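**Student:** Take a look at upload26.pdb, PDB, C-alpha atoms:
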```pdb
ATOM      1  CA  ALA A   3      -6.112  -3.164   6.795
ATOM      2  CA  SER A   4      -5.918  -1.747  10.278
ATOM      3  CA  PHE A   5      -5.415   1.801   9.140
ATOM      4  CA  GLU A   6      -8.769   1.429   7.399
ATOM      5  CA  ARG A   7     -10.376   2.112  10.787
ATOM      6  CA  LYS A   8     -10.025   5.781   9.804
ATOM      7  CA  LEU A   9     -12.288   5.725   6.749
ATOM      8  CA  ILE A  10     -15.604   7.159   7.805
ATOM      9  CA  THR A  11     -18.803   8.533   6.315
ATOM     10  CA  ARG A  12     -19.954  12.128   6.702
ATOM     11  CA  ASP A  13     -22.952  10.943   8.777
ATOM     12  CA  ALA A  14     -20.810   8.841  11.081
ATOM     13  CA  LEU A  15     -18.249  11.633  11.491
ATOM     14  CA  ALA A  16     -21.111  14.014  12.259
ATOM     15  CA  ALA A  17     -22.401  11.754  15.075
ATOM     16  CA  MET A  18     -18.914  11.378  16.501
ATOM     17  CA  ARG A  19     -18.041  15.094  16.313
ATOM     18  CA  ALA A  20     -19.079  15.990  19.849
ATOM     19  CA  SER A  21     -16.754  13.322  21.298
ATOM     20  CA  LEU A  22     -13.652  14.317  19.312
ATOM     21  CA  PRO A  23     -10.737  15.929  21.245
ATOM     22  CA  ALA A  24     -10.489  19.698  20.852
ATOM     23  CA  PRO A  25      -9.058  21.381  18.866
ATOM     24  CA  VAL A  26     -10.263  19.549  15.775
ATOM     25  CA  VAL A  27      -8.175  20.131  12.668
ATOM     26  CA  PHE A  28      -9.530  19.819   9.142
ATOM     27  CA  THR A  29      -7.974  19.756   5.715
ATOM     28  CA  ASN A  30      -9.015  18.623   2.239
ATOM     29  CA  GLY A  31      -7.485  17.651  -1.075
ATOM     30  CA  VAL A  32      -7.304  15.286  -3.987
ATOM     31  CA  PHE A  33      -4.093  13.647  -2.815
ATOM     32  CA  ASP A  34      -3.778  11.696  -6.126
ATOM     33  CA  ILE A  35      -0.088  10.875  -5.655
ATOM     34  CA  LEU A  36       1.356  11.472  -2.189
ATOM     35  CA  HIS A  37       4.604  13.357  -2.117
ATOM     36  CA  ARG A  38       6.792  14.670   0.681
ATOM     37  CA  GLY A  39       5.087  18.081   0.782
ATOM     38  CA  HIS A  40       1.754  16.388   1.423
ATOM     39  CA  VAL A  41       2.970  14.410   4.428
ATOM     40  CA  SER A  42       5.156  17.177   5.859
ATOM     41  CA  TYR A  43       2.095  19.417   5.868
ATOM     42  CA  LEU A  44      -0.233  16.658   7.034
ATOM     43  CA  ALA A  45       2.058  16.203  10.064
ATOM     44  CA  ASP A  46       2.295  19.897  10.919
ATOM     45  CA  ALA A  47      -1.506  20.257  10.703
ATOM     46  CA  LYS A  48      -1.785  17.379  13.201
ATOM     47  CA  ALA A  49       0.685  19.216  15.464
ATOM     48  CA  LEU A  50      -1.635  22.257  15.590
ATOM     49  CA  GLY A  51      -4.434  20.294  17.210
ATOM     50  CA  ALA A  52      -5.475  17.060  18.930
ATOM     51  CA  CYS A  53      -7.277  15.504  16.003
ATOM     52  CA  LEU A  54      -6.840  15.612  12.235
ATOM     53  CA  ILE A  55      -9.570  15.054   9.682
ATOM     54  CA  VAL A  56      -8.832  14.925   5.945
ATOM     55  CA  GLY A  57     -11.571  15.481   3.340
ATOM     56  CA  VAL A  58     -11.030  13.774   0.007
ATOM     57  CA  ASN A  59     -12.680  14.778  -3.264
ATOM     58  CA  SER A  60     -14.739  12.007  -4.889
ATOM     59  CA  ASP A  61     -13.816  11.126  -8.458
ATOM     60  CA  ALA A  62     -16.474  13.502  -9.772
ATOM     61  CA  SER A  63     -15.886  16.416  -7.485
ATOM     62  CA  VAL A  64     -12.358  16.108  -8.775
ATOM     63  CA  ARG A  65     -13.793  16.424 -12.273
ATOM     64  CA  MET A  66     -15.429  19.772 -11.437
ATOM     65  CA  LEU A  67     -12.035  21.456 -11.144
ATOM     66  CA  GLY A  68     -10.151  23.445 -13.742
ATOM     67  CA  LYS A  69      -6.775  23.944 -12.000
ATOM     68  CA  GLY A  70      -5.525  20.530 -10.897
ATOM     69  CA  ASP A  71      -5.414  17.348 -12.936
ATOM     70  CA  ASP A  72      -8.671  16.384 -14.659
ATOM     71  CA  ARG A  73      -9.034  12.658 -13.928
ATOM     72  CA  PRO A  74      -7.160  11.467 -10.887
ATOM     73  CA  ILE A  75      -5.310   8.250 -11.702
ATOM     74  CA  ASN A  76      -6.365   6.682  -8.424
ATOM     75  CA  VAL A  77      -9.908   6.093  -7.426
ATOM     76  CA  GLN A  78     -11.241   7.865  -4.371
ATOM     77  CA  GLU A  79     -11.067   4.750  -2.201
ATOM     78  CA  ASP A  80      -7.413   4.308  -3.003
ATOM     79  CA  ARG A  81      -6.568   7.968  -2.427
ATOM     80  CA  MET A  82      -8.365   7.794   0.909
ATOM     81  CA  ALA A  83      -6.691   4.518   1.907
ATOM     82  CA  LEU A  84      -3.191   5.995   1.418
ATOM     83  CA  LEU A  85      -4.066   8.906   3.685
ATOM     84  CA  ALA A  86      -5.413   6.547   6.330
ATOM     85  CA  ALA A  87      -2.080   4.686   6.376
ATOM     86  CA  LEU A  88      -0.484   7.874   7.665
ATOM     87  CA  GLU A  89       0.470   8.129  11.325
ATOM     88  CA  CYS A  90      -0.639  11.719  11.684
ATOM     89  CA  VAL A  91      -4.144  11.361  10.168
ATOM     90  CA  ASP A  92      -7.038  10.335  12.412
ATOM     91  CA  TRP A  93     -10.063  10.380  10.109
ATOM     92  CA  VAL A  94     -10.506  10.356   6.338
ATOM     93  CA  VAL A  95     -13.863  11.451   4.834
ATOM     94  CA  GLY A  96     -14.901  11.646   1.183
ATOM     95  CA  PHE A  97     -17.134  14.391  -0.224
ATOM     96  CA  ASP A  98     -18.896  14.648  -3.597
ATOM     97  CA  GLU A  99     -19.516  18.381  -3.973
ATOM     98  CA  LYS A 100     -17.107  20.642  -5.862
ATOM     99  CA  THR A 101     -15.990  22.416  -2.691
ATOM    100  CA  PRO A 102     -15.634  21.179   0.874
ATOM    101  CA  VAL A 103     -18.003  23.833   2.311
ATOM    102  CA  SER A 104     -20.950  21.617   3.243
ATOM    103  CA  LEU A 105     -18.590  18.913   4.530
ATOM    104  CA  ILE A 106     -16.831  21.521   6.703
ATOM    105  CA  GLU A 107     -20.155  22.840   7.905
ATOM    106  CA  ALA A 108     -21.032  19.317   9.019
ATOM    107  CA  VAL A 109     -17.660  18.581  10.605
ATOM    108  CA  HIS A 110     -17.290  21.939  12.377
ATOM    109  CA  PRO A 111     -13.478  22.036  12.765
ATOM    110  CA  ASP A 112     -11.814  24.417  15.217
ATOM    111  CA  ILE A 113      -8.912  24.810  12.826
ATOM    112  CA  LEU A 114      -8.906  24.788   9.032
ATOM    113  CA  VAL A 115      -5.642  24.319   7.196
ATOM    114  CA  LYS A 116      -4.497  24.425   3.621
ATOM    115  CA  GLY A 117      -1.223  23.170   2.227
ATOM    116  CA  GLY A 118       0.496  25.446  -0.236
ATOM    117  CA  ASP A 119       0.486  29.199  -0.756
ATOM    118  CA  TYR A 120      -3.217  30.006  -0.719
ATOM    119  CA  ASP A 121      -4.878  33.271   0.249
ATOM    120  CA  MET A 122      -7.072  31.979   3.049
ATOM    121  CA  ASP A 123      -9.214  35.132   2.765
ATOM    122  CA  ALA A 124     -10.248  34.062  -0.777
ATOM    123  CA  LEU A 125     -11.674  30.750   0.481
ATOM    124  CA  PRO A 126     -15.369  30.293   1.326
ATOM    125  CA  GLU A 127     -14.497  27.669   3.947
ATOM    126  CA  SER A 128     -12.200  30.127   5.781
ATOM    127  CA  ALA A 129     -15.114  32.456   6.237
ATOM    128  CA  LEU A 130     -17.291  29.570   7.306
ATOM    129  CA  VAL A 131     -14.886  28.407  10.008
ATOM    130  CA  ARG A 132     -13.914  31.878  11.218
ATOM    131  CA  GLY A 133     -17.625  32.641  11.241
ATOM    132  CA  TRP A 134     -17.974  30.579  14.413
ATOM    133  CA  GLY A 135     -14.660  31.697  15.910
ATOM    134  CA  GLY A 136     -12.343  28.998  14.482
ATOM    135  CA  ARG A 137      -8.983  29.582  12.791
ATOM    136  CA  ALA A 138      -7.981  29.186   9.191
ATOM    137  CA  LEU A 139      -4.435  29.140   7.948
ATOM    138  CA  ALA A 140      -2.118  28.038   5.175
ATOM    139  CA  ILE A 141       0.870  25.829   5.964
ATOM    140  CA  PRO A 142       3.656  25.711   3.351
ATOM    141  CA  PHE A 143       4.673  22.374   1.753
ATOM    142  CA  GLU A 144       8.411  23.074   1.915
TER     143      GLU A 144
ATOM    144  CA  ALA B   3       8.588  16.269  11.441
ATOM    145  CA  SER B   4       7.805  13.931  14.315
ATOM    146  CA  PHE B   5       7.766  11.046  11.797
ATOM    147  CA  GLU B   6      11.390  11.759  10.860
ATOM    148  CA  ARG B   7      12.368  10.172  14.165
ATOM    149  CA  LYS B   8      12.215   6.941  12.175
ATOM    150  CA  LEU B   9      14.906   7.789   9.614
ATOM    151  CA  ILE B  10      18.123   6.317  10.990
ATOM    152  CA  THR B  11      21.525   5.081   9.874
ATOM    153  CA  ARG B  12      22.616   1.445   9.939
ATOM    154  CA  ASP B  13      25.115   2.001  12.773
ATOM    155  CA  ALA B  14      22.709   3.735  15.134
ATOM    156  CA  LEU B  15      19.949   1.179  14.464
ATOM    157  CA  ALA B  16      22.369  -1.710  14.989
ATOM    158  CA  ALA B  17      23.465  -0.237  18.328
ATOM    159  CA  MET B  18      19.803   0.195  19.282
ATOM    160  CA  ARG B  19      18.755  -3.277  18.030
ATOM    161  CA  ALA B  20      18.724  -5.201  21.313
ATOM    162  CA  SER B  21      16.052  -2.972  22.820
ATOM    163  CA  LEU B  22      13.631  -3.096  19.887
ATOM    164  CA  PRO B  23      10.422  -5.092  20.405
ATOM    165  CA  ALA B  24      10.837  -8.679  19.252
ATOM    166  CA  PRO B  25      10.208 -10.055  16.748
ATOM    167  CA  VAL B  26      11.852  -7.485  14.526
ATOM    168  CA  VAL B  27      10.512  -7.633  10.993
ATOM    169  CA  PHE B  28      12.527  -6.454   8.039
ATOM    170  CA  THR B  29      11.663  -5.799   4.419
ATOM    171  CA  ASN B  30      13.357  -3.662   1.742
ATOM    172  CA  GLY B  31      12.555  -1.966  -1.556
ATOM    173  CA  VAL B  32      12.777   1.141  -3.729
ATOM    174  CA  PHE B  33       9.268   2.417  -2.956
ATOM    175  CA  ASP B  34       9.403   5.114  -5.627
ATOM    176  CA  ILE B  35       5.723   6.055  -5.731
ATOM    177  CA  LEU B  36       3.564   4.703  -2.931
ATOM    178  CA  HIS B  37       0.345   2.989  -3.850
ATOM    179  CA  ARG B  38      -2.298   1.121  -1.888
ATOM    180  CA  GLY B  39      -0.628  -2.224  -2.491
ATOM    181  CA  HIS B  40       2.537  -0.925  -0.780
ATOM    182  CA  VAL B  41       0.769   0.239   2.339
ATOM    183  CA  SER B  42      -1.381  -2.861   2.500
ATOM    184  CA  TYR B  43       1.758  -4.952   2.223
ATOM    185  CA  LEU B  44       3.674  -2.969   4.884
ATOM    186  CA  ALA B  45       0.784  -3.317   7.338
ATOM    187  CA  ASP B  46       0.730  -7.106   6.809
ATOM    188  CA  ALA B  47       4.476  -7.199   7.319
ATOM    189  CA  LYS B  48       4.063  -5.215  10.546
ATOM    190  CA  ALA B  49       1.366  -7.592  11.754
ATOM    191  CA  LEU B  50       3.907 -10.457  11.481
ATOM    192  CA  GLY B  51       5.955  -8.995  14.334
ATOM    193  CA  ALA B  52       6.154  -6.280  16.956
ATOM    194  CA  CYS B  53       8.402  -3.858  15.025
ATOM    195  CA  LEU B  54       8.936  -3.069  11.310
ATOM    196  CA  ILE B  55      12.143  -1.852   9.675
ATOM    197  CA  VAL B  56      12.279  -0.830   6.000
ATOM    198  CA  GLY B  57      15.492  -0.957   3.923
ATOM    199  CA  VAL B  58      15.383   1.681   1.221
ATOM    200  CA  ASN B  59      17.665   1.297  -1.779
ATOM    201  CA  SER B  60      19.871   4.388  -2.442
ATOM    202  CA  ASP B  61      19.502   6.255  -5.773
ATOM    203  CA  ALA B  62      22.855   4.725  -6.691
ATOM    204  CA  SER B  63      21.518   1.349  -5.573
ATOM    205  CA  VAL B  64      18.586   1.678  -7.960
ATOM    206  CA  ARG B  65      20.879   2.499 -10.884
ATOM    207  CA  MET B  66      22.437  -0.663 -10.045
ATOM    208  CA  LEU B  67      19.116  -2.431 -10.465
ATOM    209  CA  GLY B  68      17.596  -4.139 -13.517
ATOM    210  CA  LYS B  69      14.103  -3.759 -12.025
ATOM    211  CA  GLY B  70      11.645  -1.703 -14.083
ATOM    212  CA  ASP B  71      13.376   1.381 -15.458
ATOM    213  CA  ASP B  72      16.964   2.464 -14.710
ATOM    214  CA  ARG B  73      16.226   5.358 -12.319
ATOM    215  CA  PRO B  74      13.848   6.698  -9.670
ATOM    216  CA  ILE B  75      11.453   9.653  -9.737
ATOM    217  CA  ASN B  76      12.033  10.595  -6.132
ATOM    218  CA  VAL B  77      15.378  10.923  -4.378
ATOM    219  CA  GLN B  78      16.207   8.518  -1.552
ATOM    220  CA  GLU B  79      15.396  10.898   1.294
ATOM    221  CA  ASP B  80      11.919  11.609  -0.114
ATOM    222  CA  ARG B  81      11.212   7.900  -0.565
ATOM    223  CA  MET B  82      12.393   7.285   2.993
ATOM    224  CA  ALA B  83      10.334  10.198   4.377
ATOM    225  CA  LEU B  84       7.161   8.888   2.703
ATOM    226  CA  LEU B  85       7.642   5.503   4.348
ATOM    227  CA  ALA B  86       8.473   7.003   7.738
ATOM    228  CA  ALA B  87       5.111   8.810   7.660
ATOM    229  CA  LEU B  88       3.306   5.477   7.605
ATOM    230  CA  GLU B  89       1.706   4.410  10.866
ATOM    231  CA  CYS B  90       2.855   0.811  10.563
ATOM    232  CA  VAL B  91       6.548   1.573   9.854
ATOM    233  CA  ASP B  92       8.979   1.891  12.764
ATOM    234  CA  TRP B  93      12.407   2.438  11.198
ATOM    235  CA  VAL B  94      13.577   3.400   7.729
ATOM    236  CA  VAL B  95      17.191   2.784   6.775
ATOM    237  CA  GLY B  96      18.859   3.458   3.408
ATOM    238  CA  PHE B  97      21.507   1.090   2.016
ATOM    239  CA  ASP B  98      23.900   1.605  -0.969
ATOM    240  CA  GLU B  99      25.062  -1.945  -1.922
ATOM    241  CA  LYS B 100      23.469  -3.913  -4.756
ATOM    242  CA  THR B 101      21.417  -5.991  -2.297
ATOM    243  CA  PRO B 102      20.255  -5.573   1.331
ATOM    244  CA  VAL B 103      22.372  -8.464   2.568
ATOM    245  CA  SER B 104      24.919  -6.478   4.586
ATOM    246  CA  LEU B 105      22.208  -4.235   6.069
ATOM    247  CA  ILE B 106      20.274  -7.318   7.176
ATOM    248  CA  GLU B 107      23.543  -8.569   8.664
ATOM    249  CA  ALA B 108      23.843  -5.377  10.696
ATOM    250  CA  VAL B 109      20.207  -5.139  11.676
ATOM    251  CA  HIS B 110      19.740  -8.808  12.535
ATOM    252  CA  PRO B 111      15.968  -8.983  11.941
ATOM    253  CA  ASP B 112      14.080 -11.981  13.404
ATOM    254  CA  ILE B 113      11.774 -12.106  10.388
ATOM    255  CA  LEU B 114      12.573 -11.364   6.758
ATOM    256  CA  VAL B 115       9.541 -10.813   4.591
ATOM    257  CA  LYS B 116       9.069 -10.243   0.879
ATOM    258  CA  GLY B 117       5.926  -9.338  -1.031
ATOM    259  CA  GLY B 118       4.881 -11.529  -3.941
ATOM    260  CA  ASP B 119       5.481 -15.134  -4.955
ATOM    261  CA  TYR B 120       9.283 -15.175  -4.566
ATOM    262  CA  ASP B 121      11.374 -18.301  -3.957
ATOM    263  CA  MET B 122      12.771 -17.296  -0.583
ATOM    264  CA  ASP B 123      15.228 -20.225  -0.683
ATOM    265  CA  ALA B 124      17.030 -18.493  -3.553
ATOM    266  CA  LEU B 125      17.839 -15.421  -1.456
ATOM    267  CA  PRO B 126      21.082 -15.253   0.485
ATOM    268  CA  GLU B 127      19.456 -13.226   3.284
ATOM    269  CA  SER B 128      16.862 -15.947   3.825
ATOM    270  CA  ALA B 129      19.578 -18.475   4.739
ATOM    271  CA  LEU B 130      21.318 -15.843   6.794
ATOM    272  CA  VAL B 131      18.193 -15.059   8.812
ATOM    273  CA  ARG B 132      17.212 -18.708   9.126
ATOM    274  CA  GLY B 133      20.804 -19.392  10.142
ATOM    275  CA  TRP B 134      20.412 -17.592  13.469
ATOM    276  CA  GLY B 135      16.957 -18.988  14.181
ATOM    277  CA  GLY B 136      14.907 -16.304  12.392
ATOM    278  CA  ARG B 137      12.223 -16.629   9.698
ATOM    279  CA  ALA B 138      12.017 -15.661   6.042
ATOM    280  CA  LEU B 139       8.782 -15.780   4.103
ATOM    281  CA  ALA B 140       6.827 -14.363   1.208
ATOM    282  CA  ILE B 141       3.399 -12.772   1.650
ATOM    283  CA  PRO B 142       1.144 -11.724  -1.196
ATOM    284  CA  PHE B 143       1.757  -8.201  -2.539
ATOM    285  CA  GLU B 144      -0.626  -6.488  -4.973
ATOM    286  CA  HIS B 145       1.171  -4.768  -7.861
ATOM    287  CA  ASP B 146      -0.494  -1.961  -9.822
ATOM    288  CA  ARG B 147      -0.995  -2.451 -13.582
ATOM    289  CA  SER B 148       1.923  -1.339 -15.770
ATOM    290  CA  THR B 149      -0.250   1.303 -17.361
ATOM    291  CA  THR B 150      -1.196   2.962 -14.147
ATOM    292  CA  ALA B 151       2.479   2.726 -13.154
ATOM    293  CA  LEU B 152       3.563   4.442 -16.384
ATOM    294  CA  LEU B 153       0.853   7.046 -15.917
ATOM    295  CA  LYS B 154       2.047   7.554 -12.333
ATOM    296  CA  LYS B 155       5.679   8.085 -13.318
ATOM    297  CA  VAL B 156       4.628  10.589 -15.977
ATOM    298  CA  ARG B 157       2.512  12.457 -13.432
ATOM    299  CA  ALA B 158       5.447  12.574 -11.022
ATOM    300  CA  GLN B 159       7.695  13.933 -13.769
ATOM    301  CA  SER B 160       5.128  16.614 -14.591
TER     302      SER B 160
END
```
Have the structure of the file written as C-alpha cells, please.

**Tutor:**
Amino acid sequence: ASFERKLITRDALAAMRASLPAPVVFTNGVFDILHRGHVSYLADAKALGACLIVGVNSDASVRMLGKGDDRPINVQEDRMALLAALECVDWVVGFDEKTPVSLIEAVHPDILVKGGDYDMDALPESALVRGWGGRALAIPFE
Amino acid sequence: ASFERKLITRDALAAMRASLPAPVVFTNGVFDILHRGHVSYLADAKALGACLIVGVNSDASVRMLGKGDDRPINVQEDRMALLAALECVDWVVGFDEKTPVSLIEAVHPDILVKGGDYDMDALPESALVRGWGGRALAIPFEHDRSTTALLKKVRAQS
C-alpha cells in the first residue's frame, strides 16, 4: 500500500506543481493490462527527466474512444494502482475528459511523451506543451 | 532499462547473497498477467524484510504445472521484466525445476512467504528455511475472479 502514495488528484497535483523537480515528464494512457512495452517506455520517459507523471483515463473517458478496447477490464483505480507500483513512476493522476488536454494544461509538463509510433504533430497536447516551449516526443515500445 | 539490473541468475545472486540486506525475503510464482492483488501482495512481502527476491517459474516449469491452464501468455523474460519494474522488488530469478526448492537452497532466504491460506508445514522449502533458523509464513493474497482472469488471458492473446 506504500506505492499508493503516488495516487493524487488533479487539484493536489496542481498545488504541488511548482515544487516538482524540473524537467517534469508527462504521459497518459489506459494501461488496462501492463505489458513489457508499457514499462520499458515508462522507464525511458523517466530517464528523460527528473519526475514522471502518468495520466490515466477514467472508465468513461475510456468509453469515448473508438480505437482501443471499449470497456477496460480493470477499473480506473486498479489501473492506476498498478502504475503506482512501478519504480519509475512518481505520480499517477486520473482524468475524466476524452483527451488529456485540460489535465496537461493544469500539470504543465516540460516534456510530453507518447509510447508507440504516433505522429506527435497530430496531437493537440503536443501543440499545447510546445506552445510554452516544452518538448513533445514519441518513444517506441520495442 | 535501469530496472533490468534486478534480473539475475541463481549463481550470481548466490555469490552476492551475503551482502544483501537482512532479512532476505523470498517468494515465487508464474506471474503471467500482473494484477493489483499481485502488487499488493509483493509490497506486503517486501515489508516483512529488508530485501525481496522473486522466483519466476520458467515456461517449461509452467508446462510442468497443474495450476490453472497448461501454458503462459507471456514468455519468462517478459514476466520477469514486469516484476523487476516494481518498486518493491529487488531481485528476480528464473528457475526451471518443478518447484523452487533448489533455488531457495541456493539463495538461502531468511524468510519464505506465500500468498493465500496455504499449509506452510506441507512445503519442503518451509522446513528447509526453518531448518537454518529462517521463517516461512503465509500472508493473505487477493485473487481476481476467474471471469476477469479468463477475460484477461483473452485480451493478452488478442

**Student:** Counting all atoms listed in the file, which residues of chain B come no farther than 6 Å from chain A, as a list in words?

**Tutor:**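 So the contacting residues turn out to be residues 38, 87, 88 and 89 of chain B.
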
**Student:** Given all atoms listed in the file as the basis, pick out the residue of B:86, B:58, B:108, B:139 nearest to residue 121 in chain B.

**Tutor:**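 Selected residue with least distance to residue 121 in chain B: B:139.
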
**Student:** Which residues come within 12 Å of residue 148 in chain B, counting all atoms listed in the file, excluding same-chain residues fewer than 6 positions away, as a list in words?

**Tutor:**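 That gives residues 70, 71, 154 and 155 of chain B.
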
**Student:** Enumerate, as number ranges by chain, the residues matched when the PyMOL selection byres ((chain A and resi 117-128) around 12) is run on the file above.

**Tutor:** A: 28-33, 38-47, 56, 101-116, 129-144

**Student:** Take the residues from that selection and put them in a file with C-alpha atoms, as a PDB file, in the coordinates of the input.

**Tutor:**
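part-v4.pdb was written with the following content:
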```pdb
ATOM      1  CA  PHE A  28      -9.530  19.819   9.142  1.00  0.00           C
ATOM      2  CA  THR A  29      -7.974  19.756   5.715  1.00  0.00           C
ATOM      3  CA  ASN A  30      -9.015  18.623   2.239  1.00  0.00           C
ATOM      4  CA  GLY A  31      -7.485  17.651  -1.075  1.00  0.00           C
ATOM      5  CA  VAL A  32      -7.304  15.286  -3.987  1.00  0.00           C
ATOM      6  CA  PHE A  33      -4.093  13.647  -2.815  1.00  0.00           C
ATOM      7  CA  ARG A  38       6.792  14.670   0.681  1.00  0.00           C
ATOM      8  CA  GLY A  39       5.087  18.081   0.782  1.00  0.00           C
ATOM      9  CA  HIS A  40       1.754  16.388   1.423  1.00  0.00           C
ATOM     10  CA  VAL A  41       2.970  14.410   4.428  1.00  0.00           C
ATOM     11  CA  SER A  42       5.156  17.177   5.859  1.00  0.00           C
ATOM     12  CA  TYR A  43       2.095  19.417   5.868  1.00  0.00           C
ATOM     13  CA  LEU A  44      -0.233  16.658   7.034  1.00  0.00           C
ATOM     14  CA  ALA A  45       2.058  16.203  10.064  1.00  0.00           C
ATOM     15  CA  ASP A  46       2.295  19.897  10.919  1.00  0.00           C
ATOM     16  CA  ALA A  47      -1.506  20.257  10.703  1.00  0.00           C
ATOM     17  CA  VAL A  56      -8.832  14.925   5.945  1.00  0.00           C
ATOM     18  CA  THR A 101     -15.990  22.416  -2.691  1.00  0.00           C
ATOM     19  CA  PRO A 102     -15.634  21.179   0.874  1.00  0.00           C
ATOM     20  CA  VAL A 103     -18.003  23.833   2.311  1.00  0.00           C
ATOM     21  CA  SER A 104     -20.950  21.617   3.243  1.00  0.00           C
ATOM     22  CA  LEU A 105     -18.590  18.913   4.530  1.00  0.00           C
ATOM     23  CA  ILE A 106     -16.831  21.521   6.703  1.00  0.00           C
ATOM     24  CA  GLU A 107     -20.155  22.840   7.905  1.00  0.00           C
ATOM     25  CA  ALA A 108     -21.032  19.317   9.019  1.00  0.00           C
ATOM     26  CA  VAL A 109     -17.660  18.581  10.605  1.00  0.00           C
ATOM     27  CA  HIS A 110     -17.290  21.939  12.377  1.00  0.00           C
ATOM     28  CA  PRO A 111     -13.478  22.036  12.765  1.00  0.00           C
ATOM     29  CA  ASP A 112     -11.814  24.417  15.217  1.00  0.00           C
ATOM     30  CA  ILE A 113      -8.912  24.810  12.826  1.00  0.00           C
ATOM     31  CA  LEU A 114      -8.906  24.788   9.032  1.00  0.00           C
ATOM     32  CA  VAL A 115      -5.642  24.319   7.196  1.00  0.00           C
ATOM     33  CA  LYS A 116      -4.497  24.425   3.621  1.00  0.00           C
ATOM     34  CA  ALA A 129     -15.114  32.456   6.237  1.00  0.00           C
ATOM     35  CA  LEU A 130     -17.291  29.570   7.306  1.00  0.00           C
ATOM     36  CA  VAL A 131     -14.886  28.407  10.008  1.00  0.00           C
ATOM     37  CA  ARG A 132     -13.914  31.878  11.218  1.00  0.00           C
ATOM     38  CA  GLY A 133     -17.625  32.641  11.241  1.00  0.00           C
ATOM     39  CA  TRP A 134     -17.974  30.579  14.413  1.00  0.00           C
ATOM     40  CA  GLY A 135     -14.660  31.697  15.910  1.00  0.00           C
ATOM     41  CA  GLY A 136     -12.343  28.998  14.482  1.00  0.00           C
ATOM     42  CA  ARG A 137      -8.983  29.582  12.791  1.00  0.00           C
ATOM     43  CA  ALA A 138      -7.981  29.186   9.191  1.00  0.00           C
ATOM     44  CA  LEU A 139      -4.435  29.140   7.948  1.00  0.00           C
ATOM     45  CA  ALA A 140      -2.118  28.038   5.175  1.00  0.00           C
ATOM     46  CA  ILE A 141       0.870  25.829   5.964  1.00  0.00           C
ATOM     47  CA  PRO A 142       3.656  25.711   3.351  1.00  0.00           C
ATOM     48  CA  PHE A 143       4.673  22.374   1.753  1.00  0.00           C
ATOM     49  CA  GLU A 144       8.411  23.074   1.915  1.00  0.00           C
TER      50      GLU A 144
END
```

**Student:** So which residues get picked by the PyMOL selection byres ((chain B and resi 97) around 7) here, written as a list in words?

**Tutor:** residues 57, 58, 59, 60, 95, 96, 98, 99, 102 and 105 of chain B

**Student:** What would the file look like if the residues just selected were written as a PDB file, in the coordinates of the input with C-alpha atoms?

**Tutor:**
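Below is the file that was written, part-v6.pdb:
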```pdb
ATOM      1  CA  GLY B  57      15.492  -0.957   3.923  1.00  0.00           C
ATOM      2  CA  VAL B  58      15.383   1.681   1.221  1.00  0.00           C
ATOM      3  CA  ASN B  59      17.665   1.297  -1.779  1.00  0.00           C
ATOM      4  CA  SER B  60      19.871   4.388  -2.442  1.00  0.00           C
ATOM      5  CA  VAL B  95      17.191   2.784   6.775  1.00  0.00           C
ATOM      6  CA  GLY B  96      18.859   3.458   3.408  1.00  0.00           C
ATOM      7  CA  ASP B  98      23.900   1.605  -0.969  1.00  0.00           C
ATOM      8  CA  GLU B  99      25.062  -1.945  -1.922  1.00  0.00           C
ATOM      9  CA  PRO B 102      20.255  -5.573   1.331  1.00  0.00           C
ATOM     10  CA  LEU B 105      22.208  -4.235   6.069  1.00  0.00           C
TER      11      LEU B 105
END
```

**Student:** Find, counting all atoms listed in the file, the residue in B:65, B:7, B:12, B:48 that gets nearest to residue 104 in chain B.

**Tutor:**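 Nearest candidate to residue 104 in chain B out of B:65, B:7, B:12, B:48: B:12.
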
**Student:** Between CA of residue 51 in chain A and CA of residue 93 in chain B, what is the spacing in Å?

**Tutor:**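 Distance between the two atoms: 25.3 Å.
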
**Student:** Between CA of residue 8 in chain B and CA of residue 133 in chain B, measure the distance and give it in Å to one decimal.

**Tutor:**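 Going from CA of residue 8 in chain B over to CA of residue 133 in chain B covers 27.8 Å.
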
**Student:** Writing C-alpha atoms and nothing else, produce range 104-129 of chain B as a tab-separated table (two decimals), in the first residue's frame.

**Tutor:**
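Output file part_15.tsv follows:
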```tsv
chain	number	residue	atom	x	y	z
B	104	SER	CA	16.72	-25.92	-5.21
B	105	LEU	CA	16.63	-22.18	-5.95
B	106	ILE	CA	15.69	-21.49	-2.33
B	107	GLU	CA	18.60	-23.76	-1.38
B	108	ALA	CA	20.95	-21.60	-3.43
B	109	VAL	CA	19.52	-18.27	-2.39
B	110	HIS	CA	19.18	-19.07	1.30
B	111	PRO	CA	16.37	-16.60	2.09
B	112	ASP	CA	15.76	-15.73	5.78
B	113	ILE	CA	12.01	-15.55	5.19
B	114	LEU	CA	9.86	-17.63	2.86
B	115	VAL	CA	6.45	-16.19	2.20
B	116	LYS	CA	3.43	-17.43	0.28
B	117	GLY	CA	0.21	-15.62	-0.56
B	118	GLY	CA	-3.08	-17.22	0.42
B	119	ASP	CA	-4.18	-19.72	3.04
B	120	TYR	CA	-1.56	-22.41	2.35
B	121	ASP	CA	-0.41	-25.03	4.87
B	122	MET	CA	3.22	-23.98	5.04
B	123	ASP	CA	4.09	-27.14	7.01
B	124	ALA	CA	3.33	-29.18	3.89
B	125	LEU	CA	6.03	-27.43	1.85
B	126	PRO	CA	9.54	-28.84	1.74
B	127	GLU	CA	11.07	-25.35	1.48
B	128	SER	CA	9.37	-24.29	4.70
B	129	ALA	CA	11.25	-26.97	6.68
```
